[PDB]
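J.: pasting the structure only:
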């Protein structure tokens, strides 16, 4: 089997991407944030504290003839940005882009933090990291991909995120029309539960490539590119007037600037992030200070190849017995 679904930016800045997902019988379609940096599929629901729902579409398990309470199971997750959610668990039929999994754990939120409430466009998350990170207790549950894997034509999924445009998540096949040149594959460590890999270096603009190992994660659920302070300083030093602002919470730059590109290495291959992908717009409405899309990972504890990086590439998440990651230009 295979699946193919379009993923759409939630706003004009590509702050996140939503993908429609069918849950239950008859189908209830929710728009979920596919997140290769976590491993829980959770949704706003009829169980979510009413004051914490503001415009989201909810899953109502009582209206699904295939929903079953997973008795005694609870979940609770906290993300790197300080957001969180928790609740109980149903199993139900879940379909993405024509690919159907029966008996998928659907984690129903009883509580969500303010950042989730305030984002009316995101109805929940669909985790695509390794199932070892799944938070369901006392019986850990598998991700949608893990459940689908054996049925897929090939044990892979791909992320093809757009810049200010829709893109695609495919399951079970590689669309050879979706990228240019060849796909370069690179080793993955699953030791921390992530799609963790080592970039071979970087360049800023038309500058020379610096060969240096940068361990980090391919994380579709993180907006920005978070890299070591040395790398990030080298980038922003090429933008007149750019500075790190503790009050704003990162590097800002004059909105009048033209940003240089940023290149990262994948083995001997190179992925170029155009400068415009690094512009996250005014820090507040009407401001002439703009927020940067490359930020320091110092104090996160991990480097994160988020959407800023991934949307410059066609990315293969190869879930074979020994997982790997592939990157192609597009």
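T.: Thanks, I have it. Numbering: from 1, shown residues only.
J.: where do the strands sit along the stretch 151-300 of the chain?
T.: Defined through DSSP state E, counting those that start in this stretch, the strands belonging to the stretch 151-300 of the chain, from first to last, are 156-160, 167-171, 184-187, 196-204, 210-218, 225-227, 243-245, 250-254, 262-266, 269-273, 279-282, 289-292, 294-296.
J.: can you say which of those is nearest to residue 31?
T.: Nearest to residue 31 among the strands of the stretch 151-300 of the chain is strand 167-171; the distance by Cβ to Cβ comes to 12.7 Å. All C-beta spots, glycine's among them, are computed from the backbone N, C-alpha and C.
J.: list the buried residues of stretch 237-247.
T.: For stretch 237-247, the neighbour count (16 or more other Cβ atoms under 10 Å) marks 238, 239, 242, 244 as buried.
J.: all helices of this structure, in order?
T.: Secondary structure of the chain, counting by DSSP state H: helices at 114-117, 144-148, 229-236, 307-310.
J.: which among the buried residues of stretch 237-247 gets closest to residue 21?
T.: Distances from residue 21 to the buried residues of stretch 237-247, taken by Cβ to Cβ, are shortest for residue 244, at 37.9 Å.
J.: separation between that closest one and residue 305?
T.: Using Cβ to Cβ, to the nearest Å, we find residue 244 at a distance of 21 Å from residue 305.
J.: likewise for residue 140?
T.: Here the criterion is Cβ to Cβ. By it, residue 140 lies 26 Å from residue 305.
J.: next one: residue 149
T.: Here residue 149 is placed at a distance of 23 Å from residue 305 (Cβ to Cβ).
J.: which of these two has more residues huddled nearby?
T.: Set residue 149 next to residue 305 and count neighbours by other Cβ atoms under 10 Å: residue 305 wins out with 31 against 19.
J.: picking up where we left off before, ok, so of the buried residues of stretch 237-247, who is nearest residue 202?
T.: For residue 202, the nearest member of the buried residues of stretch 237-247 is residue 238. The distance, counting by Cβ to Cβ, is 12.3 Å.
J.: got the contact list for the closest one?
T.: Taking Cβ atoms under 8 Å, 6 or more residues apart in numbering, we find residue 238 in contact with 204, 205, 207, 260.
J.: excluding its backbone neighbours, what's nearest the third one?
T.: In space, and not counting its chain neighbours, residue 207 is closest to residue 238: 7.8 Å by Cβ to Cβ, 6 or more residues apart in numbering.
J.: now residue 213
T.: Counting by Cβ to Cβ, 6+ apart, residue 198 is the residue found nearest to residue 213 once chain neighbours are left out, at 5.1 Å.
J.: outline the domain layout of this structure.
T.: Each structural domain of the chain that the record assigns through curated CATH domains is listed here as a residue range: 5-174, 175-330.
J.: surely residue 158 meets residue 174?
T.: Yes: assessed by Cβ atoms under 8 Å, residue 158 is found in contact with residue 174 at 6.2 Å.
J.: quick one: which of the two has more around it?
T.: Neighbours were tallied for residue 158 and for residue 174 using other Cβ under 10 Å; the higher tally belongs to residue 158 (23 against 19).
J.: what's across from the more buried one in the sheet?
T.: Beta-bridge partners for residue 158, by DSSP bridges, are residue 170, residue 316.
J.: that one: what's it in contact with?
T.: Shown here is residue 158, whose contacts under the criterion Cβ under 8 Å, 6+ apart are 168, 169, 170, 174, 175, 178, 314, 315, 316, 317.
J.: from these, list just the buried residues.
T.: 168, 169, 170, 174, 314, 315, 316, 317.
J.: does the third one touch residue 4 like I think?
T.: Yes: under the criterion of Cβ under 8 Å, residue 170 is in contact with residue 4, at a separation of 4.9 Å.
J.: from residue 52, how far off is the closest residue to residue 54 other than its chain neighbours?
T.: Nearest-residue entry for residue 54: residue 117, 5.2 Å, with adjacent residues in sequence omitted and distances by Cβ to Cβ, 6+ apart. Applying Cβ to Cβ, the value for residue 117 to residue 52 is 5 Å.
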